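None of the figures in this text is laboratory data; all of them are computed from the coordinates on show.
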Amino acid sequence: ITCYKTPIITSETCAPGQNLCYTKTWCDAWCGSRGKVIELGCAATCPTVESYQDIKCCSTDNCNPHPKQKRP
């Protein structure tokens, strides 16, 4: 699959075996001013996260865009 990858948005092929994309977020000490921190990448199985983090996996090419891109 292809997925979006942090740190400076690009779309790349995941290694064989990885058939999902993920979006992982979490607050920071600067969350109210700056917003959540977001991480994007490839995954073989959806990553387990810590109780203070959130994750959402998908399975279609480039399905995890940064919510601030170029389009519409």
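Taking every Cα-Cα distance in the chain and sorting them into 10 Å bins starting at zero, the pair-distance distribution P(r) comes out as 22, 48, 27, 4 percent.
Do you know the relative contact order of the chain, to the nearest whole percent, from alpha carbon pairs under 8 angstrom that are 6+ apart? Present the calculation step by step, with values, prior to reporting the outcome.
Values: 145 pairs, mean separation 27.7, N = 72.
Taking the mean separation of contacting Cα pairs over the length of the chain, I get 38 percent.
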